[PDB]
Each structure stands twice: as C-alpha cells, then as structure tokens.
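Structure first, then comments.
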Amino acid sequence: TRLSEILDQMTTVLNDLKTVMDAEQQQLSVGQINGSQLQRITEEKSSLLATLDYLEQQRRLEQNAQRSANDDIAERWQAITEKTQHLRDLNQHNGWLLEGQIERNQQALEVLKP
C-alpha cells in the first residue's frame with residue numbers, strides 16, 4: 001500500500017513538473033504569439049545590434065569626410081568606445097549565465113533518466 005502511496009505522489013509531481021517545464025519552454029522560445037519577457041528582450045536586443053552594426057559600417061565609410069571644427073567627435077567617440085566595451089563585458093557575462101542555465105538543464109536530465 002505504501003508503494004501505492006509513492007506512485008500517487010510521483011504522478012502529482014510529474015504533473016506539476018509538466019506545467020512548470022511547459023512554462024520554461026515558453027520563456028526560452030522566440031517568435032511566439034504570446035511571448036515571454038525574455039523573447040521580447042531577445043528580439044529587441046538583436047535588432048538594436050543590427051542597427052549598431054549598420055551604423056558602424058557607415059561610420060567607417062566616413063573616414064575621408066572633412067570636419068567642422070570645433071566638433072566634439074573625438075569626445076563622443078570616446079564615450080562610444082566606453083559604452084561598447086561595457087556592453088561587451090555584459091554580453092560575455094550573460095553568455096556565462098546561459099552556460100549556467102545549460103548546466104542546470106543537464107542536471108535536470110540526469111534526474112529524469114530512467
């Protein structure tokens with residue numbers, strides 16, 4: 001009868017896990033209709049970076065164009081390289097956070113293995 005109790009408790013847990021992990025899939029998915037917060041962040045980030053990359057290429061094309069002294073281009077360029085450096089480190093950190101997510105995912109797998 002205790003073996004019957006254990007199996008009943010497991011089904012309750014397995015049913016609740018199903019709900020939670022369905023929610024996780026939604027969180028990690030992209031392009032969904034009713035999208036998660038992470039999806040919105042993912043899509044906006046990648047579109048913003050596309051713009052930055054485009055603007056960077058345009059900037060490089062402006063190497064020969066003359067100046068309007070006085071113009072704070074060197075000052076504004078300094079602030080830009082600063083912000084990009086900081087975003088670079090943040091992107092590296094977030095990638096490392098993703099690796100942590102992956103590590104827990106694999107830990108989750110070993111529990112679910114028969």
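Here, A, B, ... name the chains of the structure tokens in the order displayed, residue numbers run from 1 inside each chain, and ligands are numbered from 1 in the same displayed order.
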Non-local contacts of range 38-47 of chain A (12 Å; only C-alpha atoms; under 6 positions in same chain excluded) as a ChimeraX atom specification: /A:24-32,53-54,87,91,94
Surrounding residues of range 14-23 of chain A excluding itself and chain neighbours under 5 positions, 12 Å, only C-alpha atoms, as a ChimeraX atom specification: /A:7-9,28-29,34-36,105,108,111-112
Generate the output file for the selected residues, N, CA, C and O atoms, as a compact mmCIF listing (two decimals), in the first residue's frame.
```
# COMPACT_ATOMS: atom_id res chain seq x y z
N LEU A 7 3.69 5.99 -5.75
CA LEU A 7 3.35 6.19 -7.16
C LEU A 7 2.35 7.33 -7.33
O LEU A 7 2.42 8.08 -8.30
N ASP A 8 1.42 7.47 -6.38
CA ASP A 8 0.45 8.55 -6.43
C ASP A 8 1.11 9.90 -6.23
O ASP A 8 0.75 10.89 -6.88
N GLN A 9 2.08 9.96 -5.32
CA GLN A 9 2.82 11.19 -5.07
C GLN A 9 3.68 11.57 -6.27
O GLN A 9 3.84 12.75 -6.57
N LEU A 28 11.92 30.31 -23.01
CA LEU A 28 13.12 30.15 -23.82
C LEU A 28 12.84 30.23 -25.32
O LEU A 28 13.77 30.23 -26.13
N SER A 29 11.56 30.29 -25.69
CA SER A 29 11.17 30.30 -27.10
C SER A 29 11.17 31.71 -27.69
O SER A 29 11.05 32.70 -26.97
N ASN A 34 2.07 34.85 -27.95
CA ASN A 34 2.06 35.41 -26.60
C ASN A 34 3.42 35.19 -25.96
O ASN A 34 3.60 34.28 -25.15
N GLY A 35 4.38 36.03 -26.33
CA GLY A 35 5.77 35.83 -25.98
C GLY A 35 6.15 36.22 -24.57
O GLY A 35 5.53 37.10 -23.96
N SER A 36 7.18 35.56 -24.05
CA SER A 36 7.68 35.84 -22.72
C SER A 36 8.46 37.14 -22.68
O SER A 36 8.66 37.79 -23.72
N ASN A 105 20.12 22.45 -16.74
CA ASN A 105 19.31 21.65 -17.66
C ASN A 105 19.82 20.22 -17.73
O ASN A 105 19.04 19.27 -17.73
N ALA A 108 19.07 18.49 -14.56
CA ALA A 108 17.66 18.12 -14.59
C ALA A 108 17.45 16.83 -15.37
O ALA A 108 16.56 16.04 -15.05
N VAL A 111 18.16 13.45 -13.50
CA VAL A 111 17.11 13.08 -12.56
C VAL A 111 15.95 12.41 -13.31
O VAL A 111 15.30 11.51 -12.79
N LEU A 112 15.73 12.84 -14.55
CA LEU A 112 14.61 12.34 -15.35
C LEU A 112 14.95 11.06 -16.10
O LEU A 112 14.08 10.43 -16.69
```
Filtered DSSP result for chain A, state helix (DSSP H, G or I), as a ChimeraX atom specification: /A:2-28,37-60,73-112
